[PDB]
Amino acid sequence: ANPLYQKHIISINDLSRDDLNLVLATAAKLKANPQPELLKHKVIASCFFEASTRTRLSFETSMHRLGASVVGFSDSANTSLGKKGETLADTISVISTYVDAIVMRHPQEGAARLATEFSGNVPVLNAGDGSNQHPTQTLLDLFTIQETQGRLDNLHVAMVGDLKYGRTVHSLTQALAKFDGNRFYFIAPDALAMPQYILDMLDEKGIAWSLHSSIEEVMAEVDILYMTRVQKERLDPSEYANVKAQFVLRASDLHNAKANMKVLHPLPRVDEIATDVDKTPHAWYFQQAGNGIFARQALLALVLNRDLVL
Amino acid sequence: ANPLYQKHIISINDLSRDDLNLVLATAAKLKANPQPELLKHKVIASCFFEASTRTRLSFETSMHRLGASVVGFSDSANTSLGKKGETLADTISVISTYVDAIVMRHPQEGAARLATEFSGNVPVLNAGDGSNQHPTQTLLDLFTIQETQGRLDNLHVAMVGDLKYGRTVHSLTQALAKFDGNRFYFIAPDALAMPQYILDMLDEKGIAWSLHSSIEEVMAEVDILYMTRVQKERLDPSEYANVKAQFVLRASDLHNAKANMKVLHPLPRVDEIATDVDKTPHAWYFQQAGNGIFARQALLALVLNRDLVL
Amino acid sequence: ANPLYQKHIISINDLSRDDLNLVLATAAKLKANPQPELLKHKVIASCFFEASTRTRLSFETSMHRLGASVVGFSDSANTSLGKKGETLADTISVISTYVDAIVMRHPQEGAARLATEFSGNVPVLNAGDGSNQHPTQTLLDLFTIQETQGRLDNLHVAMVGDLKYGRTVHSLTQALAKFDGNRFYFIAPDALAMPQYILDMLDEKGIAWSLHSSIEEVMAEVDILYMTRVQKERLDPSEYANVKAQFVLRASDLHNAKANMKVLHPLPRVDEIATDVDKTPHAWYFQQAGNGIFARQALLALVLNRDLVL
Amino acid sequence: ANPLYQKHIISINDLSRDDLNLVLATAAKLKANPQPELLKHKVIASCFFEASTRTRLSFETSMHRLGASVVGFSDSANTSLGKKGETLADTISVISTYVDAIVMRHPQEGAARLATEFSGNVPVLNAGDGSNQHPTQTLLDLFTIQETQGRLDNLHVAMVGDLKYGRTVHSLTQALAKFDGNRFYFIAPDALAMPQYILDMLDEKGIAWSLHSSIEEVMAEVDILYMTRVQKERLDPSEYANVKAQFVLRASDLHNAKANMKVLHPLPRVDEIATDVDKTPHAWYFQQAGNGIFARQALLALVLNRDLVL
Amino acid sequence: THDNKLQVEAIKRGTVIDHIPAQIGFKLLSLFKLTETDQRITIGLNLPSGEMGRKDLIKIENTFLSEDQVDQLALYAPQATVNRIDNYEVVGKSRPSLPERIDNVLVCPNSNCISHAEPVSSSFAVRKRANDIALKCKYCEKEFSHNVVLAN
Amino acid sequence: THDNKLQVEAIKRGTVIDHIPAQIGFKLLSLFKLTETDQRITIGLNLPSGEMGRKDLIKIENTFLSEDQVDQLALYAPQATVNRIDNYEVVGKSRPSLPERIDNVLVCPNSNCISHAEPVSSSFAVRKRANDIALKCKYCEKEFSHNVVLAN
Ligand SMILES: Nc1ccn([C@@H]2O[C@H](COP(=O)(O)OP(=O)(O)OP(=O)(O)O)[C@@H](O)[C@H]2O)c(=O)n1
Ligand SMILES: Nc1ccn([C@@H]2O[C@H](COP(=O)(O)OP(=O)(O)OP(=O)(O)O)[C@@H](O)[C@H]2O)c(=O)n1
Ligand SMILES: O=C(CP(=O)(O)O)NCCNC(=O)CP(=O)(O)O
Ligand SMILES: O=C(CP(=O)(O)O)NCCNC(=O)CP(=O)(O)O
Ligand SMILES: O=C(CP(=O)(O)O)NCCNC(=O)CP(=O)(O)O
Ligand SMILES: O=C(CP(=O)(O)O)NCCNC(=O)CP(=O)(O)O
Ligand SMILES: [Zn+2]
Ligand SMILES: [Zn+2]
């Protein structure tokens, strides 16, 4: 079967550069030539113990685009089979006797890995586990970078915003670090800097990275400007007021930009990307969200269909 | 058509021994040979006026396994078409002009029977009506007993836990009482004993039953050990502490058990079955939940498909 | 100083017959001769960790009738002294540096007793701790019995309703059992029977008690008919409806009552005492509640003043 | 009239060293010689727009210890004076026509100051306005320092915990900096460091301060060890777990402490001061809270009476 | 219960807890924090005896137990022999008597007891009954069978 | 065997964990539930050493430890020696070395890790960091100093 057939997709750290490339190549194929009946007769559980409308709709749509059926739930405000009294183990032990695969988002780190230990032959795909992993967001981000830049090696990548708590920037950084010659620029408030452990990881791989106070210092040499939402709730209102300027983008900040440069944002943006950016050829966060359907389709196909007649 | 074609499935008391056998035989057939397109073009309403994630996912999955489409709702925290101002009658009168069948769970007893009076030619299947009936749980329990013991007559069945308020043990007892030679053992705290009316029902049928303080007294002669959740909320914390021991199972309590013995629990377990039981060949509550898909599929097929090309 | 000076009032088990008499003799004296300045300059904390409007209003009125000031709170949905992890121990170590006495109601058994271990020199008065104690309700009950009957010895006391979970009737039985010649009549559904530990306690002291199905069997000889609320919240709606009739009092039931006979109820009543009883000379539940003020004033006066010039 | 007569008490920045001394000299006098009638006939509003049981109980107790009456409210989930759009300005213009002084706590910075602009002749006392000020907590802190150390000059003060967001430590640093020869030791995780604006203020006055990783480095010379709660709610659960050890105090850490050394904490503590510290002669956080009463009484007495015969 | 093989010597001064039922020795060491000391200790578990089949023995030197502390072992080793003392000889032998009260080591079974979330030591009144021991919690005032309190 | 000047305890066959630092012997018995057996067990705590000054000693009869099992002892008794004794003589002598994984005994310090409310065994991947040891939780994937994990 293909390398990912029946595999659990829990963490970007358990995926090789070849695994990433295979997912991206499959996504490109499904984007170019749709297979609406590929997963006909498969029933998938969309289990959002933690509600997340954008991610759930995206995943569910991907399931339907391959012809699979969907059962599931969200906002576990209680959800007796999920948080109440019953263990997650028991919830998975039951769910895994009903479906062909489980896509799950949970507020606690390691939830998806735990599920894997009680799901038997049923693959589990991690849609978000606390502040740990979110592998499919990284896959759609890589896919979007590969598609717009033509590759995933030797890029100038800038990451802006809450680099400290952003699980998405942590894993995009680790995923790009499996490729060669990438150069990173980290623009963030001291209170929210890229953690030391990601830094140590990059030094060990001999990968270049620098810190910058603002976007303008680097705007001229970046191929990808990846922005993240600075959670207002974390900072003091005044602190946020004093620091927000360097981490927000207007179209005027783009005068400098390379022609090929694309601005990405896992969303929601609102406080970090002015709407005047939307019309530039650089705005690519909505095309990025659209690519979530191709990346999630690739993942479900590879995991649920033995070979990939691609 | 088959005997259950277009029939409402409201109460175990309205089902004959032959009806039960027919459902179980159909379930076995669908388990052995799946029919993913049997209910293609049927649209089923999954109406959970009372939320119940495990039961809803199970039913919905069964619908999809036969190729039917599903529309529905849950947690009627309000649900204007369900509890607010509008009568249940009016809610059903509308829902029955949209779908081919209605599966419903409601907090009030008789809800499903009432629905039946306003649904016209649309069959309604009772997924739980207050402390009254839950016929499909009993069907999956019987199916699980038949499958593991080879029959439904002449069994030694022990029921443990809250025999007083458990609607599930009340109906499993009535269903097994339609068969012959079954012997019952009832292990429960005085405050939660099997009601007198079930007892009177058994004496009238000349069926044997006894009361026991603990599992060990009977462990050696039981074919089925059916455990139920003792609702902590009912008892005083101290009362529950003093009484919980006799109604909880550890693997060490099984040294005695017959080889064929299976432990069932409608779930969630957690306070009554130690996880060390999971690995024994006796643990059968998750296989039991899996059988819910075959029993619910059989029921939907029999009710919605004229003959059963089985 | 009087025997109760600076003493904690936590459990009826800690109060001797003489302590009870002392409180009740003081209540009669303050009811006859009010001392509106006795506690002027004292500040008392009314800490209702668990909300209880009737009990809190009563206790605070008693505080003001003696001239004391009051500070406090109710429910802890509206409280930051033990909300996200501050222990009850620390909450009390703080409050006891502010006030002269602490009156507290709490959802966990043992809370008032734990408070005494951290309040230093400050007396703690238990206004109810989960299903354990409620000493001032018992004190007000006893004062009412003594006042209407002229004694606490040689009485015919019937207790009706939920004798299993009523902490109020357990406590009154324990209290009355400290006196001589009392005889008890327990009228309750088998499911809500006076617990065996109370019966054992009565047996050990050679106190006569007996069970009866209806109020009719004991009316001719009862001195105090103590009605309790039925916690239908633990019962099955149908179960409740089958037995309620045997624990409901109508004015006609009082036809052969002794002239001295009084009907008491801790309140709220609702389904247990029909409003037509209110006009008879036996209705004494509102006078009983009014007496909580003199019993509660006596308690505060005894505990906070060395010698009462009464 | 005394310097604080009819003055608003909004910020520590508005109080001079002599004002601080005056309040503290008055607190010592009322602690030694209570005046339970000083404010009789005064009515004071306890307006907790933002709930705060500990602070409200303390402030209201202080009001009653001086003989004043109290009216007020807490949280505004339970308030109709500014619920669907009434401005704070109008809420104050109304209340100030009722009472003699307003004590208020509010979630927005500047709320007490805005109140003074609409309260006319009525003094406003700030009980906490968002992340800005909490002058009476500082006053109680200073009184405790002065009382245990005998001075506010030439002290070795260590501050430990969340120095970034603790409005209580910013204010105490500002207050202590109005005195001479004080030296500060700041012990906090890099993420919760004392802010640079406070350090600049200290630099500008030639006040010595230094950072230290552990309490061990300064224990031998510390006079006041001021512990603060860590707002883990802004932190990552894992992040919190990695550094908590360096901001937690055990009794063994006090082995080389000066005899005069005191441990203060505004409370609630929980994970920062182990209970074994409570018994040492250095634990002074409960005595600190008890002192809020004398500091708060002094403040009300100074502001509401022209000349105190103390 | 001597021993013809290579048992345990028997120092100058200290206490020796003998005739401890099997699978109670270690429990005793944990529950009563017997190893939180620098004094020499010697333990033997699952040793043979001429009246129990198996038994546990514990030796702690330069350490003595009051009749109260020896009574605290009553719930776990009702027939144990605490032997005491100096200059290589047993100058004292005592059996655990059931105490009137047991603190610190038990846990109240009532999940709603305030003892659970708080900086307090558990405390129970001990009452002997035919067939078992009744343990009444100081805090919640609920009384349970020791079989329930001791229940894992 | 612990020889001083009188009775000394030697065993026929089984295992002998020697040179456990002080105050770690009771922890090993605890963590690794060594006494949950019917095999005979002999324990000496705070024994005199010279190879240091004090130490703990553990003897388990008819029980042997895999090399892997010996390695679990690395975090607590790095300098110990585990002796295989059969027929009364030491046939084996091994020292623990850092294992690649530590299961069941550590508790993840991340309070939001799913490992806490659940029926799984803790598990950390071991990573010596030439100064301390790094433990990465199999579940939440967070890494911590062994000094922090061992504090909990
Ligand atoms: N100097 C000593 C003396 C006695 N012991 C121990 O203390 C207990 C004393 O037992 P003993 O006096 O010889 O009488 P027994 O035959 O054991 O009878 P019993 O156990 O009922 O006392 C034994 O565990 C013995 O090994 C010891 O360790 N050191
Ligand atoms: N039948 C035996 C043989 C030996 N031992 C124990 O084996 C341990 C080690 O003895 P050994 O390796 O033979 O000599 P040592 O001097 O202890 O080696 P080292 O200095 O490395 O500890 C001793 O504690 C001894 O008590 C035992 O309990 N039973
Ligand atoms: O995963 C989502 C869905 P949502 O939870 O609604 O933000 N959006 C992509 C941004 N990724 C993040 O990890 C930030 P968030 O915690 O909002 O998911
Ligand atoms: O029906 C369900 C679903 P849920 O309501 O989540 O328990 N589970 C099987 C247990 N059956 C019972 O009747 C108990 P419950 O009232 O929990 O349904
Ligand atoms: O418990 C309280 C406080 P409240 O909730 O106002 O009745 N008062 C004493 C009444 N005692 C009873 O046993 C009646 P109830 O069970 O309603 O508390
Ligand atoms: O803020 C208050 C009111 P409360 O919420 O009762 O602590 N009192 C002063 C405590 N000051 C602090 O900085 C500690 P915390 O951040 O918990 O408010
Ligand atoms: Zn208790
Ligand atoms: Zn973890």
# chains A, B, ... in the order shown; residues from 1 in each chain; ligands from 1
call {"tool": "residues_around", "arguments": {"residues": "residue 59 (chain F)", "least_positions_apart": "4", "cutoff": "9 Å", "atoms": "only C-alpha atoms", "output": "PyMOL selection string"}}
result
chain F and resi 10-11+14-18+40-44
call {"tool": "residues_around", "arguments": {"residues": "residue 64 (chain E)", "least_positions_apart": "4", "cutoff": "10 Å", "atoms": "only C-alpha atoms", "output": "JSON, numbers by chain"}}
result
{"E": [13, 14, 15, 16, 60, 69, 70, 82, 83, 84, 85]}
call {"tool": "write_last_selection", "arguments": {"atoms": "N, CA and C atoms", "output": "compact mmCIF listing (two decimals), in the first residue's frame"}}
result
# COMPACT_ATOMS: atom_id res chain seq x y z
N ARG E 13 20.07 -1.19 70.97
CA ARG E 13 18.84 -0.49 71.32
C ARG E 13 17.86 -0.23 70.14
N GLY E 14 16.56 -0.26 70.42
CA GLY E 14 15.58 0.00 69.38
C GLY E 14 14.25 -0.69 69.57
N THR E 15 13.51 -0.90 68.48
CA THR E 15 12.22 -1.56 68.57
C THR E 15 12.15 -2.59 67.45
N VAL E 16 11.50 -3.72 67.72
CA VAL E 16 11.33 -4.74 66.70
C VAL E 16 9.86 -5.07 66.59
N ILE E 60 13.84 -1.18 63.88
CA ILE E 60 14.27 0.23 63.82
C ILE E 60 15.08 0.54 65.08
N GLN E 69 1.29 4.70 69.98
CA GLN E 69 1.80 4.44 68.65
C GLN E 69 1.76 2.97 68.30
N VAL E 70 1.92 2.11 69.30
CA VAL E 70 1.85 0.68 69.06
C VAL E 70 0.37 0.35 68.84
N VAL E 82 5.32 -5.87 69.48
CA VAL E 82 6.33 -4.83 69.36
C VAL E 82 7.16 -5.18 70.56
N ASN E 83 8.46 -5.28 70.30
CA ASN E 83 9.45 -5.64 71.28
C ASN E 83 10.37 -4.47 71.41
N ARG E 84 10.66 -4.08 72.64
CA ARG E 84 11.52 -2.94 72.79
C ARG E 84 12.87 -3.19 73.44
N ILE E 85 13.73 -2.20 73.20
CA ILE E 85 15.02 -1.98 73.86
C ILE E 85 16.48 -2.46 73.81
call {"tool": "residues_near_ligand", "arguments": {"ligand": "ligand 8", "cutoff": "7 Å", "atoms": "only C-alpha atoms and all ligand atoms", "output": "list in words"}}
result
residues 110 of chain A; 108, 109, 110, 113, 114, 115, 137, 138, 139, 140, 141 and 142 of chain F
call {"tool": "calpha_fit_rmsd", "arguments": {"fixed": "chain D", "moving": "chain A"}}
result
0.6 Å
call {"tool": "residues_near_ligand", "arguments": {"ligand": "ligand 5", "cutoff": "9 Å", "atoms": "only C-alpha atoms and all ligand atoms", "output": "ChimeraX atom specification"}}
result
/C:50-57,105,127-128,134,136-138,165-169,228-231,265-269
call {"tool": "residues_around", "arguments": {"residues": "residue 49 (chain D)", "least_positions_apart": "2", "cutoff": "9 Å", "atoms": "only C-alpha atoms", "output": "PyMOL selection string"}}
result
chain D and resi 47+51+73-76+79+104-107
call {"tool": "atom_distance", "arguments": {"atom1": "CA of residue 219 (chain C)", "atom2": "CA of residue 197 (chain C)"}}
result
26.0 Å
call {"tool": "interface_residues", "arguments": {"of": "chain D", "to": "chain F", "cutoff": "8 Å", "atoms": "only C-alpha atoms", "output": "MDAnalysis selection string"}}
result
chainID D and resid 237:238 241:242
call {"tool": "write_last_selection", "arguments": {"atoms": "N, CA, C and O atoms", "output": "JSON list (two decimals), in the first residue's frame"}}
result
[["chain", "number", "residue", "atom", "x", "y", "z"],
["D", 237, "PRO", "N", 0.32, 25.83, 30.42],
["D", 237, "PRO", "CA", 0.43, 24.89, 31.55],
["D", 237, "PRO", "C", 1.82, 24.30, 31.73],
["D", 237, "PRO", "O", 2.27, 24.09, 32.86],
["D", 238, "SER", "N", 2.50, 24.03, 30.62],
["D", 238, "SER", "CA", 3.85, 23.45, 30.64],
["D", 238, "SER", "C", 4.87, 24.48, 31.04],
["D", 238, "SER", "O", 5.84, 24.20, 31.76],
["D", 241, "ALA", "N", 4.66, 24.94, 34.73],
["D", 241, "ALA", "CA", 5.35, 23.85, 35.41],
["D", 241, "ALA", "C", 6.89, 23.90, 35.38],
["D", 241, "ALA", "O", 7.55, 23.34, 36.26],
["D", 242, "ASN", "N", 7.49, 24.57, 34.40],
["D", 242, "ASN", "CA", 8.96, 24.62, 34.30],
["D", 242, "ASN", "C", 9.70, 25.58, 35.21],
["D", 242, "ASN", "O", 10.89, 25.41, 35.53]]
call {"tool": "residues_around", "arguments": {"residues": "residue 29 (chain D)", "least_positions_apart": "4", "cutoff": "7 Å", "atoms": "only C-alpha atoms", "output": "PyMOL selection string"}}
result
chain D and resi 25+33+310
call {"tool": "interface_residues", "arguments": {"of": "chain C", "to": "chain B", "cutoff": "8 Å", "atoms": "only C-alpha atoms", "output": "NGL selection string"}}
result
:C and (165 or 191 or 234-236)
call {"tool": "interface_residues", "arguments": {"of": "chain F", "to": "chain E", "cutoff": "12 Å", "atoms": "only C-alpha atoms", "output": "PyMOL selection string"}}
result
chain F and resi 1-12+22-27+29-31+33-49+53-61+88
call {"tool": "select_by_dssp", "arguments": {"residues": "region 6-152 of chain E", "states": "strand (DSSP E or B)", "output": "number ranges by chain"}}
result
E: 14-20, 41-49, 53-61, 81-84, 92-94, 101-103, 113, 123-129, 132-137, 143-145
call {"tool": "atom_distance", "arguments": {"atom1": "CA of residue 118 (chain D)", "atom2": "CA of residue 307 (chain D)"}}
result
25.9 Å
call {"tool": "select_by_dssp", "arguments": {"residues": "chain F", "states": "alpha helix (DSSP H)", "output": "PDB file with N, CA, C and O atoms, in the first residue's frame"}}
result
ATOM      1  N   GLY F  25      16.132   3.767  49.025  1.00  0.00           N
ATOM      2  CA  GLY F  25      15.681   2.386  49.118  1.00  0.00           C
ATOM      3  C   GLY F  25      14.179   2.229  49.293  1.00  0.00           C
ATOM      4  O   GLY F  25      13.540   1.399  48.631  1.00  0.00           O
ATOM      5  N   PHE F  26      13.607   2.989  50.218  1.00  0.00           N
ATOM      6  CA  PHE F  26      12.172   2.927  50.408  1.00  0.00           C
ATOM      7  C   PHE F  26      11.505   3.421  49.085  1.00  0.00           C
ATOM      8  O   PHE F  26      10.503   2.843  48.658  1.00  0.00           O
ATOM      9  N   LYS F  27      12.065   4.441  48.430  1.00  0.00           N
ATOM     10  CA  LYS F  27      11.456   4.912  47.167  1.00  0.00           C
ATOM     11  C   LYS F  27      11.438   3.808  46.088  1.00  0.00           C
ATOM     12  O   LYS F  27      10.436   3.612  45.404  1.00  0.00           O
ATOM     13  N   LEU F  28      12.539   3.093  45.922  1.00  0.00           N
ATOM     14  CA  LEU F  28      12.541   2.018  44.947  1.00  0.00           C
ATOM     15  C   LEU F  28      11.441   0.992  45.262  1.00  0.00           C
ATOM     16  O   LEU F  28      10.668   0.594  44.387  1.00  0.00           O
ATOM     17  N   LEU F  29      11.372   0.555  46.522  1.00  0.00           N
ATOM     18  CA  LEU F  29      10.370  -0.434  46.899  1.00  0.00           C
ATOM     19  C   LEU F  29       8.965   0.075  46.552  1.00  0.00           C
ATOM     20  O   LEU F  29       8.098  -0.712  46.154  1.00  0.00           O
ATOM     21  N   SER F  30       8.777   1.377  46.711  1.00  0.00           N
ATOM     22  CA  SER F  30       7.498   2.071  46.444  1.00  0.00           C
ATOM     23  C   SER F  30       7.134   2.124  44.969  1.00  0.00           C
ATOM     24  O   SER F  30       6.111   1.589  44.549  1.00  0.00           O
ATOM     25  N   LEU F  31       8.002   2.793  44.223  1.00  0.00           N
ATOM     26  CA  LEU F  31       7.871   3.020  42.784  1.00  0.00           C
ATOM     27  C   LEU F  31       7.777   1.778  41.954  1.00  0.00           C
ATOM     28  O   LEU F  31       6.983   1.682  41.025  1.00  0.00           O
ATOM     29  N   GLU F  67      18.122  -6.565  32.108  1.00  0.00           N
ATOM     30  CA  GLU F  67      19.079  -5.471  32.004  1.00  0.00           C
ATOM     31  C   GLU F  67      18.279  -4.177  31.914  1.00  0.00           C
ATOM     32  O   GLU F  67      18.659  -3.135  32.463  1.00  0.00           O
ATOM     33  N   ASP F  68      17.162  -4.275  31.210  1.00  0.00           N
ATOM     34  CA  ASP F  68      16.283  -3.142  31.011  1.00  0.00           C
ATOM     35  C   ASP F  68      15.717  -2.678  32.363  1.00  0.00           C
ATOM     36  O   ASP F  68      15.742  -1.487  32.672  1.00  0.00           O
ATOM     37  N   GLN F  69      15.255  -3.636  33.166  1.00  0.00           N
ATOM     38  CA  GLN F  69      14.714  -3.394  34.501  1.00  0.00           C
ATOM     39  C   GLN F  69      15.740  -2.736  35.425  1.00  0.00           C
ATOM     40  O   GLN F  69      15.381  -1.910  36.268  1.00  0.00           O
ATOM     41  N   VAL F  70      17.005  -3.126  35.267  1.00  0.00           N
ATOM     42  CA  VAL F  70      18.106  -2.572  36.058  1.00  0.00           C
ATOM     43  C   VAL F  70      18.257  -1.106  35.642  1.00  0.00           C
ATOM     44  O   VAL F  70      18.456  -0.238  36.490  1.00  0.00           O
ATOM     45  N   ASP F  71      18.110  -0.821  34.345  1.00  0.00           N
ATOM     46  CA  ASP F  71      18.262   0.553  33.855  1.00  0.00           C
ATOM     47  C   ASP F  71      17.223   1.548  34.408  1.00  0.00           C
ATOM     48  O   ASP F  71      17.503   2.739  34.558  1.00  0.00           O
ATOM     49  N   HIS F 146      14.668  16.458  34.136  1.00  0.00           N
ATOM     50  CA  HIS F 146      14.274  15.362  35.014  1.00  0.00           C
ATOM     51  C   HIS F 146      14.088  15.955  36.411  1.00  0.00           C
ATOM     52  O   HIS F 146      13.286  15.458  37.211  1.00  0.00           O
ATOM     53  N   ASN F 147      14.815  17.021  36.709  1.00  0.00           N
ATOM     54  CA  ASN F 147      14.688  17.653  38.015  1.00  0.00           C
ATOM     55  C   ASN F 147      13.266  18.180  38.286  1.00  0.00           C
ATOM     56  O   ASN F 147      12.839  18.217  39.436  1.00  0.00           O
ATOM     57  N   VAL F 148      12.526  18.560  37.242  1.00  0.00           N
ATOM     58  CA  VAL F 148      11.157  19.082  37.381  1.00  0.00           C
ATOM     59  C   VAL F 148      10.126  17.956  37.453  1.00  0.00           C
ATOM     60  O   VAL F 148       9.133  18.017  38.188  1.00  0.00           O
ATOM     61  N   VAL F 149      10.357  16.943  36.651  1.00  0.00           N
ATOM     62  CA  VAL F 149       9.472  15.799  36.599  1.00  0.00           C
ATOM     63  C   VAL F 149       9.560  15.028  37.923  1.00  0.00           C
ATOM     64  O   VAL F 149       8.553  14.543  38.448  1.00  0.00           O
TER      65      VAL F 149
END
call {"tool": "residues_around", "arguments": {"residues": "residue 124 (chain F)", "least_positions_apart": "2", "cutoff": "8 Å", "atoms": "only C-alpha atoms", "output": "PyMOL selection string"}}
result
chain F and resi 101-103+106+122+126+135-138
call {"tool": "write_last_selection", "arguments": {"atoms": "N, CA, C and O atoms", "output": "mmCIF file, in the first residue's frame"}}
result
data_model
loop_
_atom_site.group_PDB
_atom_site.id
_atom_site.type_symbol
_atom_site.label_atom_id
_atom_site.label_comp_id
_atom_site.auth_asym_id
_atom_site.auth_seq_id
_atom_site.Cartn_x
_atom_site.Cartn_y
_atom_site.Cartn_z
ATOM 1 N N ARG F 101 13.755 4.926 27.597
ATOM 2 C CA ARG F 101 12.402 5.243 28.040
ATOM 3 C C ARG F 101 12.156 4.893 29.513
ATOM 4 O O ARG F 101 12.674 3.905 30.030
ATOM 5 N N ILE F 102 11.360 5.728 30.174
ATOM 6 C CA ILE F 102 10.968 5.530 31.562
ATOM 7 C C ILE F 102 9.444 5.490 31.529
ATOM 8 O O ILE F 102 8.805 6.501 31.258
ATOM 9 N N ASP F 103 8.870 4.328 31.793
ATOM 10 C CA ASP F 103 7.435 4.171 31.787
ATOM 11 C C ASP F 103 6.842 3.980 33.180
ATOM 12 O O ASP F 103 7.521 3.540 34.128
ATOM 13 N N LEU F 106 6.991 7.995 36.349
ATOM 14 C CA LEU F 106 7.025 9.456 36.381
ATOM 15 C C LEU F 106 5.631 10.007 36.123
ATOM 16 O O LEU F 106 4.759 9.302 35.623
ATOM 17 N N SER F 122 2.328 6.324 32.091
ATOM 18 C CA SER F 122 3.170 7.457 31.719
ATOM 19 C C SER F 122 4.326 6.904 30.929
ATOM 20 O O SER F 122 4.687 5.719 31.044
ATOM 21 N N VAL F 126 13.913 9.262 27.121
ATOM 22 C CA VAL F 126 15.052 9.762 27.883
ATOM 23 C C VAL F 126 16.116 10.454 27.051
ATOM 24 O O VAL F 126 16.632 9.888 26.091
ATOM 25 N N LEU F 135 13.323 14.721 29.712
ATOM 26 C CA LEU F 135 12.226 13.776 29.595
ATOM 27 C C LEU F 135 11.133 14.408 28.767
ATOM 28 O O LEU F 135 10.617 15.481 29.082
ATOM 29 N N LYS F 136 10.810 13.727 27.683
ATOM 30 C CA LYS F 136 9.785 14.167 26.749
ATOM 31 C C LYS F 136 8.588 13.240 26.863
ATOM 32 O O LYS F 136 8.690 12.052 26.624
ATOM 33 N N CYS F 137 7.446 13.807 27.224
ATOM 34 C CA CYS F 137 6.231 13.021 27.363
ATOM 35 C C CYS F 137 5.732 12.424 26.046
ATOM 36 O O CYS F 137 5.508 13.133 25.071
ATOM 37 N N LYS F 138 5.549 11.112 26.026
ATOM 38 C CA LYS F 138 5.022 10.459 24.865
ATOM 39 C C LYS F 138 3.693 11.077 24.369
ATOM 40 O O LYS F 138 3.414 11.078 23.185
#
